[PDB]
Structures are given as C-alpha cells and as structure tokens.
Amino acid sequence: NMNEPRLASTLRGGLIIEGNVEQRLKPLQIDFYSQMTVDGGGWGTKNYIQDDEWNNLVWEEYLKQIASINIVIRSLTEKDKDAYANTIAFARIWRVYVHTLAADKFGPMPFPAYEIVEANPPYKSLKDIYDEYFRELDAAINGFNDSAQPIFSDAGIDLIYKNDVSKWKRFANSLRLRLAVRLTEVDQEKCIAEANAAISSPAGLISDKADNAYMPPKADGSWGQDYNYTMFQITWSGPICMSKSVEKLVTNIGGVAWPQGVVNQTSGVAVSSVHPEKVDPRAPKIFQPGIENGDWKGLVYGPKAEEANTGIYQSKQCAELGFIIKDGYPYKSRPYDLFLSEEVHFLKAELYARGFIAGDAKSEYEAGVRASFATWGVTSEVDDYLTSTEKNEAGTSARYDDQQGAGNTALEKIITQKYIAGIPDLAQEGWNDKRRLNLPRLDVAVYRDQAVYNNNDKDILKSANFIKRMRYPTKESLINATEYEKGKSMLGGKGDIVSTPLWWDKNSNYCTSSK
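Per this note's numbering, residue 73 is the first one in the sequence shown, and the count goes up by one each step.
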C-alpha cells in the first residue's frame, strides 16, 4: 500500500548524493578516471589502485536501490497495474537509469528482476543488460496513461519533473539515445536501430533547457545533503582541481581573451599572471584560481600518493571548483545535472558525423555548444567562439568546418565539446566516451598500479593506458563464488582487474593528436 515513500527515497538514493558513498564513487573515482576534477589528496584510485572497501559500498548501494524500486514495481503491478500505470512506467525508467550507473562501472553484474523475488540474482552480460535497457525504456514510454493516477500523489515529490509525464518520456528517450551511442563499437546495427527509434519517437527528446533533468539536493542543514562538492572543497578545505588534461582542452580554443576580475571567491585571492592569454569562456566560470597564490593551472594527474600536494602537485596552487560558489556564498542548493539538452545534440552530432545516420552534424554540433554556453551564462561569447580557428593544446579548434591538423577531426570536436559541456556532473559519460572512443585527448597518469600497468607506456593514442573498469567487491568471490566466476568469465581476458575492457569497449582509438 505505502509504495510511494519507498519509490520517493530511490530518487536521491539511486543517484547516491549522500556525501559519503558519493565521495567514494564520484570525486575520488569516476572524476579521476574521466579527469573532469582532481581532488588534491593522495588517493590511490588516482593511480587506478582500487579501494575494495569503497567498491563494496558502491556495489551494495546501487543493488539496494534497484531492489527497492523492484519492491514498488512488483506490488503496484499486482495491486493495480492499470490504475498505477504512470507510477510503474516512471519506476521502470528510474530502475534502468540507476542500473546504468552501476553496470558502466563494474560491467557484467546482477540486474535483479521485479517480476519475481530472486534468492540470488544471477550475473548478466552487458549485452543482456543493455538489451533489457531499450526493452524496458520502450515499454515504459508506452506504459504511461492519462486515465491512470499521477506518478506521485503530490507533484512536489517528483524532484525531477514534478509529475510531468511528457518530460519523463523525453528523458527516457534521451537515455535510449545515450545507451544506443554506447554501442557504436560493439554493435553498429543495434546502435543505429535504437538511435533511429529514439530520434523518430513521437515522445521527443530533451530538446531545450526546459526539458533538462536535474536532481536538487535537500540543502536543509542535514549532513551530506547539499551539492556535496561544497562540503569536500570549502567546508573541509580540500581543493578539487582542474586537471592538466582539461587545461590543455580549454586553453586558446575559441579565441576569446582571458576575462577580467577572475578571483578565488573563498580566499579572495585574485588570479596571478599564471593563466592563458585566450581561454574557453566556460573554463574560468567552472574553475576558480588557486586558493593560495591565485595560479590558474591544471593539476598534473596521477603521481605517486607521497608526491601529492608537493612541488607542481600543490592543489592549493592549482585551479579549483569555482561554480560551487554563488552570490559570495557556497552554492549548497545547486541541483545535480542528470541529462542536459547539450548531450542530446552531441549524441546526434556523433551519429551524423560518422555516417551512421543521415543528418546535419554541423547544425547539431553548434546547437550543442550554444546550449552549453547558455547553461554557463556565456551566450554573448558563443558566436565568436564557433567561428574561431584557434586550436587548443590537443590541436582541436571550435570551428566545425576547420577539420585540418592533428587532433582536429569532426568526431574529436564533438567529443571535446560534449566533454566540456558535461563537466563535472556527467563524469560517468566522460569516462564512458573515453573508454568507447579514447576521446577527448587526456594525459596519461604519471603513476599507475605497477601490478596492472607498464609505467614506461605513456602513449595517449593507446586506450589501454586509461582505466577500463572498477573491480568487483572481493567479498563476491567468497560469499557469491558461483555467480562471481560467471561474471569473471563474461569479462574475459585477464579477469576481474581495472584493465579488462567492457563488452561495449573495443579499445577503439579516435584520437589523432600528435602530442
């Protein structure tokens, strides 16, 4: 009967924004892997060394949230499937979304079914997991009915769309397009067929800022219930830095000169002479100068833990998060970005540029960049940015027609702009595209787990130099051995380690940067 309070807790719960398990999967893992942000601390995950205690908490939390959504779906379908059709349809969408965050990290894993109560849910291949995604998303879009009860009894309960069914259909369809482009390397036939179904759907996609999916934090004074980057960097005085790789991507590109009055809003220290002459207008709005000396430079990624906060690795002397400060105070109430209209444009832009589907790649590329400059309040700069031939330190320019030079291909432009538009909340999609296309260009970590990596191999064009997955919790090999070995067999290769490429990962390299 009381299924609403259970399904309402899976909204923030499934996304994991409680500042505890969140810290151990977002800033201290997938942020390091995508290099979207770099906490200055001496964490071993920066060197791709797994913390099994963290991975177990992350693994248990996602499956706990999926099981909770399954309790609501199973009880409502049995009680009244026709009357609670809009609640069941939404629950099937959120069940898909939450599981993607788990499956894109660990790979083949359990996907507990809602139809029956599984005593020990079996490990499923990423093929079966992804085939279930599209199947569930398609049925859930057709599941909604205006005659049925609203998603929740109160509109305020739905933190994302406030009971707006049409916006949930757009998000579900945008997720179908996102998971379809994930299969460009492993299965072009399914990638194109699922993307065509997503683009042709009458439900539509996230086509404008009004359709964007956000998750607002509580911001009610409760511990770890804010936009938690504010607690890690400001409250705990731990700089979360811009990476050297991102500095190379945002420098010079767009031709727009460095803006005036750039200061660290925590210490009040103005930007030093250490900053580029020209920079992407979004960069100084995402990252503020170093809290100690005002240097605006990227933190070199992945040195040995004992070298953290020493020499060039001083996080207080590198550019840190700046958008987490609003009106002179910590932006604690900032909603988490789930799916923005920018990504939908770059998803279609990639499919059109690669000749997978017929369409105007340039128009989708520019519409994506313009929506991102609107998101970061720099629309007055987007016209000069898009017409500039100035190349970043990867060799990529913003002008779509200027496809000459190393690192300046059409696909490299799309992924560079898709990556910047996703900083930092879309780190999982940043890590997904880095595994799928080896894009954008990122620096190879100074030190990586020597039991897994050859430190002499720092070729940026080798996708195997970048982490492929997070290891399973080691407790799975002890109390769930039969199913753990099945998951290990599905992974193949060297087994349950960080360097094993996932099903959709063919170690494809589309980076053409010379340096």
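No residue lacks a Cβ here, since even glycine has one placed at the ideal position from N, Cα and C.
Query                                                                                                                                                          : Result
Going by the DSSP bridge assignment, what does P545 pair with across the sheet?                                                                                : The partner list for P545 (beta bridge, DSSP) is empty, contrary to what the question assumes.
Could I get the ranges of all uninterrupted alpha helix (DSSP H) runs contained in the region 294 to 351, with 4 residues as the minimum, in chain order?      : 316 to 322
When burial is assigned at 16 or more other CB atoms within 10 Å of the CB, is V189 buried or exposed?                                                         : exposed
Between which two residues does the beta strand (DSSP E) harbouring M287 extend?                                                                               : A285 to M287
If you compare alpha carbons, which of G310, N127 and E501 is closest to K547?                                                                                 : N127
Please report the distance separating the alpha-carbon of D531 from that of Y373.                                                                              : 15 Å
Can you tell me whether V130 is helix, strand or coil according to DSSP?                                                                                       : helix
So within the region 397 to 464, which uninterrupted beta strand (DSSP E) runs reach at least 3 residues, ignoring any that extend past its ends?              : 408 to 411
Report yes or no: do the region 133 to 150 and the region 213 to 223 share at least 3 C-beta pairs separated by less than 8 Å?                                 : no
If you drop the 5 nearest sequence neighbours on each side, which residues of the same chain put their C-beta closer than 8 Å to that of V334?                 : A342, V343, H347, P356, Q360, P361 and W368
Quick one, which of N464, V454 and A482 has its alpha-carbon nearest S317's?                                                                                   : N464
Report the start-end ranges of each alpha helix (DSSP H) in the region 164 to 244 that is 4 residues or longer and not cut off at the edges.                   : 198 to 215
So for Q522, helix, strand or coil by DSSP?                                                                                                                    : coil
With DSSP run on the structure shown, which of helix, strand or coil describes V516?                                                                           : coil
For the candidate residues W330, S535 and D505, whose alpha-carbon lies nearest to that of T488?                                                               : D505
Span of the alpha helix (DSSP H) holding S561?                                                                                                                 : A553 to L563
Is the beta carbon of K118 less than 9 Å from the beta carbon of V130?                                                                                         : no
Mapping DSSP to helix, strand and coil, what is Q101?                                                                                                          : helix
Going by DSSP, what residue range makes up the alpha helix (DSSP H) through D505?                                                                              : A499 to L509
Where DSSP assigns a beta bridge to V110, which residues make up the other side?                                                                               : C313
Across which residues does DSSP place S469 in a beta bridge pair?                                                                                              : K463
Span of the alpha helix (DSSP H) holding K566?                                                                                                                 : Looking at the DSSP string, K566 is not in any alpha helix (DSSP H), and its letter there is neither H nor E.
Does the beta-carbon of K234 have 16 or more other beta-carbons within 10 angstroms, so that it is buried, or is it exposed?                                   : exposed
So the candidates are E557, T459, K485 and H417; which of them puts its Cα closest to the Cα of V328?                                                          : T459
Can you tell me where the alpha helix (DSSP H) holding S273 begins and where it ends?                                                                          : Neither: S273 is in no alpha helix (DSSP H) and is coded neither H nor E.
Does the count of Cβ pairs from the region 231 to 246 and the region 284 to 292 closer than 8 Å reach three?                                                   : yes
DSSP on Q360, reduced to helix/strand/coil?                                                                                                                    : strand
In whole angstroms, give me the CA-to-CA distance for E436 and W166.                                                                                           : 27 Å
I need the straight-line Cα distance from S405 to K558, nearest angstrom please.                                                                               : 43 Å
State yes or no: is the C-beta of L498 within less than 9 Å of the C-beta of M108?                                                                             : yes
Buried or exposed: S452, going by 16 or more other Cβ atoms within 10 Å of its Cβ?                                                                             : exposed
Does DSSP put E90 in a helix, in a strand, or in coil?                                                                                                         : coil
Let me confirm a value: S315 is counted as buried when at least 16 other C-beta atoms fall within 10 Å, else exposed. Which label applies?                     : buried
Here's a check: name, in chain order, each residue in its chain whose Cβ is nearer than 8 Å to the Cβ of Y385, leaving out the five neighbours to either side. : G112, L371, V372, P375 and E379
Which stretch, first to last residue, makes up the alpha helix (DSSP H) that contains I278?                                                                    : Premise fails: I278 is in no alpha helix (DSSP H) and is neither H nor E.
Kindly indicate which three-state DSSP category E392 falls into: helix, strand or coil?                                                                        : strand
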